[PDB]
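Undergrad: Attaching a single structure in structure tokens format; questions to follow.
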Amino acid sequence: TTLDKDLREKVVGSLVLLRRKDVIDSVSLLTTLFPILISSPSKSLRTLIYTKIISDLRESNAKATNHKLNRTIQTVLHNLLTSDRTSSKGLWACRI
Amino acid sequence: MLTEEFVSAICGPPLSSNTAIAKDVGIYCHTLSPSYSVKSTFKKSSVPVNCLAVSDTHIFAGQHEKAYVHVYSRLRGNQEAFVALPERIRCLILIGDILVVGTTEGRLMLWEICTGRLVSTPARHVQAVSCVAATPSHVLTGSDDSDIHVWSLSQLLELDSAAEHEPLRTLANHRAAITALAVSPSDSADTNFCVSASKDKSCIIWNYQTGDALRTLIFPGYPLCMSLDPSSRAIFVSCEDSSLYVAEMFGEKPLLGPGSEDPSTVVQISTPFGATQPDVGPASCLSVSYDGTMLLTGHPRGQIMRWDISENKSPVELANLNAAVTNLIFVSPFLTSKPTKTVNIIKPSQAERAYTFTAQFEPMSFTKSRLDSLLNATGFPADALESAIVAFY
Amino acid sequence: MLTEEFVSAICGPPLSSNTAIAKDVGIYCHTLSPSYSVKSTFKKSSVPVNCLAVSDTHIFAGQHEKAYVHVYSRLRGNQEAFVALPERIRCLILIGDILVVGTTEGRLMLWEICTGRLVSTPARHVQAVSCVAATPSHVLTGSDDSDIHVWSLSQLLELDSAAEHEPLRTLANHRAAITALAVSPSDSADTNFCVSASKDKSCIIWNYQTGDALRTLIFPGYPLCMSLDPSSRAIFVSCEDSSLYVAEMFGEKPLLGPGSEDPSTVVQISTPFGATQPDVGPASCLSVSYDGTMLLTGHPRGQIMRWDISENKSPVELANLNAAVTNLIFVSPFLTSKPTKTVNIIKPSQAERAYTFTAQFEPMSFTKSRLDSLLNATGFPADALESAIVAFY
Amino acid sequence: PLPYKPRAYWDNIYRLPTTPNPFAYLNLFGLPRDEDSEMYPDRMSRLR
Amino acid sequence: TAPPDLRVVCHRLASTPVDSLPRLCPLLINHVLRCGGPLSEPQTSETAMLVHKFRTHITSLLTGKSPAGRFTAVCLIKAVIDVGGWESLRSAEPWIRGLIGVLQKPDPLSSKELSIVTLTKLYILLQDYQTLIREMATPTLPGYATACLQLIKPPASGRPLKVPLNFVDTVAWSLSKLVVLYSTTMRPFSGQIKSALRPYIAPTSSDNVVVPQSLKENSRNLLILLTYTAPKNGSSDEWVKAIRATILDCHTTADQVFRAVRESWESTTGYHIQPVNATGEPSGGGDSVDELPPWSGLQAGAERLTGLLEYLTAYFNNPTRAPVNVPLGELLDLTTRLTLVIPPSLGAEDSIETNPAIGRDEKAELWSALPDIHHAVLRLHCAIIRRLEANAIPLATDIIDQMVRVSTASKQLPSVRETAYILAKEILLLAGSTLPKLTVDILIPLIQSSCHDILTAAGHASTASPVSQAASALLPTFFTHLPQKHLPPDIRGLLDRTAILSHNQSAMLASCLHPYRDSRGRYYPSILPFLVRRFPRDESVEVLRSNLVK
Amino acid sequence: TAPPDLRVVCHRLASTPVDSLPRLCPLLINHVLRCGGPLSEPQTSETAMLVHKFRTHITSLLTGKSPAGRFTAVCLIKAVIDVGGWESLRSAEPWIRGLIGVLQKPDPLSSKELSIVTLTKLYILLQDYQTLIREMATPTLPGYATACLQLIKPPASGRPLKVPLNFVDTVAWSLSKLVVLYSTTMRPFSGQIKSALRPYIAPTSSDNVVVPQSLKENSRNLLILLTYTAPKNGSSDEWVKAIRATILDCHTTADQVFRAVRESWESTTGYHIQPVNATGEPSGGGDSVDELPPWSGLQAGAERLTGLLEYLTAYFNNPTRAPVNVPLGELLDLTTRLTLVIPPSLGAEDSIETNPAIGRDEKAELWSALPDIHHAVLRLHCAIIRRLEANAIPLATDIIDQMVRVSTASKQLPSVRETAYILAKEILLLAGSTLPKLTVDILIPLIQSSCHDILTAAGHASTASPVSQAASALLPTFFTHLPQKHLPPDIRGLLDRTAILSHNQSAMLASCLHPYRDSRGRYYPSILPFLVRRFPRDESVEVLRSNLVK
């Protein structure tokens, strides 16, 4: 919330770059990005985090279907919907 | 790493048309240490002064211009109940599993949240009950009639009660409306005290079980809000002059203790610990952290500010909530073991029913057996092992 | 009520030729409450001031200008020992099972009455050690060189320690011979104190673990002896001008505390609680009862005086011992459970031997068994009896 | 060292702490400290 | 380099004969507890080689023919699962089958009991890891429950149980520990457990079987925690139904017990006492599943009533899965009815109303059986106070009257006086500081009795007694949580003298913290000179001395 | 008229058959204990008739052929002696011979055990009245001793004991109670008791018999208290000779277990390390009366040495008839020798100088055998402290050295750490307030280990381990009885963190009352804001609020 916008999208892009360089894992990157995606007030931050999540899923399932990763993310989205029906946070899982 | 959390509430319309701050959110739950953040939000609430209560299961929020208390489940994080109390609400506190409500007509309401039983005292206060403090044996109700009444909980709440409830004592040395009440954590007959702040620019330290006035303090401004430090050494008061003062019980000139002067002698406090700017506003609510080194003040311009007594004379703004902050209550960083959990609440109802208690029984390990030692002991116990060997042979 | 008893000692020849008391008798054991009677007499001794010590099993009495401590068996009624010391005794006390002796040569000795060890210190003093006091941890020794030394008990009682023993501190603000010493009940470094009394017309209160001189008191006459009250509120002091004064430490003007004055500021006491005629003479020894209400004094003409601290009445003469009463010690009316009883003592011997401890072991229920519960319980325990039934069947 | 204060022991209990940033040596509400971020108030630990 | 403990373990298991391995079990257990690092490492070094050999030898002993080897295997498996963590947990899949085989085989019952404890420890430790419950706990647990119910089931009507009631107690304890964690798996066995442990809830003298106390609380806990296995979230409904059925059974038994005495008690809940047959011995119970086993005789009725009251106590001693509706009004009405019938003093038999037709021998049996019933009622009150804490303040007023009436009725009973002391301490620590003058006056004989017990134990009218310990614990509460203004001066003087003679440091601290005020206002003297002289080096006494004197 | 309890007792005894009397025994004992009045009165009213009939019933049941009636008579006799007084003491003369007949008859062993307990309690109560002693105890004691000794007598080498070791333990406990009060009567039997209880003083793993700890403790206590029966006041001489022989046996066993290592320990008392052959396993003991049964093997020698250390502990746990000379120099020399053998750390096998003619198996069995011996030494030091108190202040310094050395050797052993915490609490409470900076510095690692254990239990690094409990009982002592001027600021900070995060109210109060000065001389801020917020209405803060009492 409190960082500058350019610095915070640089941090997100650098985390995605470290995932590309295989320093960190896809599960670690997604568990970092997703609560910030659902709880961030910044529209640009939410848009870029959503774009990076979609790009990470595409790059993971491009060479072969990663059933474990898909199952974990689907379970996470299902829990997000199941936790609070009246909340509007499920639209991110819907868009994904 | 212990995490210190506090709960904030707002009242009234938003001060500025800012789309960043959500309009419908009433109650915020934050973190104070190590970094400020907003954990959770509760919507559709406008809480006046002294109408917020919090416990590990629920948040109780009395409503401005309504005779409603909103009950919020923290475990489920949502609106659980809309409790409609029969007559208007001015203040409320929570002491265990009972909500004590001071009303605007002078009545006192005791609502057991687990059994759904409501006890209504007769209107011994001829105007509105402004402040209510509670200890597990006493209830102190200070009202706008310049009167403070002391009640016994065991006398207020019992089974098969038909007699009208009468206060044990009345403390009426003030000359104006009682703004605030605080009570020392002690419960002994002679070591306890209570500090009462009224609109006659005075705070009186009383011994409420004996009904004796221990000390009288005069401030340039009448105290809007007032809180004792955790170790019962000092009082922090805000004033209408936007200034915050501190009074020490046991200093070089002690207010209480053997070295203190006569009770009839009145001490004047004129040295300001801190002050807030005119555009900030006087501190509407005050709260003290667990260690007691830090204070949080809520001001009707919407900002929550932190005071560090040792380090910073000037307070530091944490955030601006765009609406008048009326209550700040701290949550203890340690978890407390309680044999019952109040998962669901029971609404107040007037009907002929048997006295029923509704709570989930927590596992407190009250039952112990000899096999429990073998179960929780690493390896086998020596005596049980040799007994097993002998009975095998 | 409770039966208080006390022990008296005599030095010097009999003053009057004709008396009912026998001339040889040197030690009396009396009763103070509920009525005065002489329980027992111990035959031959001449005890100087501060040369008497009473335990639950023995009475130790140093002789006048001889290096001889007469030991009497309190549980047998006779004299057990004629223990000879390397140097003459100026003072002696008893702590636990160690007789602590200050000599005429500036030397401090510790005699372990159960093992036979005799630890000797180098002559750190340059005149005779007038007064001695002890804690479970420290030994205070004040002498005629206006010097008071603090010694570590464990350092003094270490077995194979061959290095020369040295005092930890030297409480030296006095300018004349130290007459008396008293020690506060507490042993913590921050809250204990010790009171001196010297021939420089004064008494100094010290913190004997930090070396600080906490208070200075000037009397109109130089103190001879003193005693703290059981609640550590007052220091009853006898002076050379035949008067008993009360030093109230924590009263209207506290000597010590938050309301106290500067330690450099000297407090002068001029109001006598009690006075004795020149016929009776000044009090040679003081002692205060278990309750603290009653006070006993010994006078060189043989009178025993009771003073009521609470009632503030006239002193009452109990009995006349026909010669100077140098010592008065109360025995506590209650008994402390001690697993080792010193039935007999071991005389000091300097020879190469293993460390041997001699005492009788008392039953203290240091072991437990499942059958002890069956024997001590009235009937049988239900679980054990049911187990006996199912073992029978 | 500072000289003796007659009313410091009881004021340490019955008065608020006057030390700036009190309870910093506890670190109850902060992150765990490694060797570099540990505090060394006395010259003995500093010299060591 | 494997540890010396590990290589001693492997060498001793290789060399020692299997029959004398149980004698060396205490050494091997301590050595395995020392072997922490080798067992916790993830799956060639000599450490890993000899860990593999040690586990192979454990499996060989467990699947071997020797009962001594099976006993040693059970002990070693318990030590390994207590030490090795998650690797030893996941390498325990054949060990669970072996432990079930020990129970199924005709092994000695000490080996069976150790297998039960080891399996319970396994099923408790597996709860931390979600996958391990999926792979190990849930497939093998129905087999474990089947083996336990096969051992515990009565083989025939005429044939008694082959196992002792201690083994019954061990099985009940294990199933009580497991129904909380694996409720849906233990659901089909709820019928057999409830039928098997039915006689042990409230055993009477007519059963001709001596039931141990530990088996009684374990049976009570199992039949209360069997409500966890209710389908479609019916745990709260079954709990409330069972506790209200128990209160009804208490009332129906109390009718047959109290048929000699005419009662003036009325029910706020609405229970009406049905008429009872005047002829014959009192009877109750049935062969039906919902009823308890039948009893005959007034002593049997009193034992049944005491067992039912202890079952109600176990209700407050056991946890619940979901929030439940506690019938506090019904329980208070039951305790009021059972406390209003009091034993007489010497010569009040003609004073209190009695049935004319009933026998005088049965009457004497009734008033001999009453103090046990009052003891059970006071224990139930203590459990209610402990579980509810500040929510028993509404209930607090009637408990005082019940305690005073019970203690004054039977003040000759040391057990009744003791439980009165614990209950008094509890209710005074909850609501004692604002009791009215009438309550303070009626609690005075309890104060005198407690002080008399303390002084008799101290010798200033003995040794340590439970009554004396309870009264000594109660003694500081008379200063801390009782109004000193309502106390007469003689009671305060007795309390101060009792504290001084008993050397109770907490009591003297409380007495000095709470000075006594008479009617005029004269300050009674403190006992601080006694406290400082008796306990000079205590830190609370030092603060009290330094503060009260100022 | 008659009391209802006595009426029910008589009616149950009349109606109930003898076979079902043991399962109605808890009824009868409770009612008899309630009926304290008429039995205590000297011995026509209904009370007197029922008491006479009741005593007649007791006599008939004890003389009856039914073992159930005999068991009921034993329990009823115990109850009557407990709540009957001097009248029952005089009327219990045939009851003694009846109880001895119950022991002699082939009756169940629970009945024999209860008869033994009843007889022991009867003699204990008979000791008060001197005429009753000469009337009853003097003729009957040789018969009871003869019966007990023929029960516990070993039949042959090939023939094992017919009675279990717990029954032997009960016999040993009864004789331990009786030898103190009756010395001259038990003097002829002193020879047979030593031969009977020789194999249970220090049992080894080479005897192939598992001996219970209660039997071991009672045999040790009885062989120590048999010095009461020494003729011509030889109690002290036999006590000193026995303890010196035990110390010599410890030294000789220590040679055989320590043949593997080169010892740098030189005796300050006179003992010399005799050479031990380096071929074959260590062995010791023998078949003679003055020495314990033989053992062969290093683990057996370690068990023998540990049992002898526990026998030395029982010397201080037991009382003495006359003053005795305790060989403290020999005890400290022995403990120094046993604690100077430190097992090596990981990868430090060359650290300890050792015999190169002895193999790894013996070496690494010794490195595992040391911690139990060290634990026994620490318990012996605890017993010496608990017996002497201020007379052990000369022993304070080197016992701290041994404790620190053992704790640093066995930091990974929870039992060793727990015993070290207990001994540290005892020594620091004794003479810990004047320890120098070197002693504080060498006690620092134990402080860190205790704080780590408490924080591990509290979850701030679950159930409470005994190690955690012993460290939490030691945490306030680190403030109260330790020089805070010699303590590093990091240690004080760790102690305050441990107290606050573990909610130790005594430790928080001790921290508030023993504040830590910095180098500037200023006090650290007090914990008290945490103590009041955790325990607001406790006695700990109620004492600190004494400045408001007025």
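Identifiers in this document derive from the order of the structure tokens: chains are assigned A, B, ..., residues are numbered from 1 separately in each chain, and ligands are numbered from 1 in order of occurrence.
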Would you please give, as an NGL selection string, all residues of segment 239-282 of chain C that DSSP assigns to strand (DSSP E or B) based on the backbone?
TA: :C and (239 or 243-248 or 267-268 or 272-275)
Undergrad: Neighbouring residues of residue 297 of chain E were defined as those with any atom within 10 Å, considering only C-alpha atoms; residues of the same chain fewer than 2 positions away were excluded. Please report them as a PyMOL selection string.
TA: chain E and resi 204-206+256-257+280-284+295+299-303+362+365
Undergrad: Give me, please, the distance in Å between atom CA of residue 277 of chain E and atom CA of residue 306 of chain E, quoted to one decimal.
TA: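 Value for the atom CA of residue 277 of chain E-atom CA of residue 306 of chain E distance: 22.4 Å.
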Undergrad: If you fit chain E onto chain F using every C-alpha atom, paired in order, what RMSD in Å do you get?
TA: 1.2 Å
Undergrad: In Å, how far is it from atom CA of residue 141 of chain E to atom CA of residue 58 of chain E?
TA: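 Those two atoms sit 21.7 Å apart.
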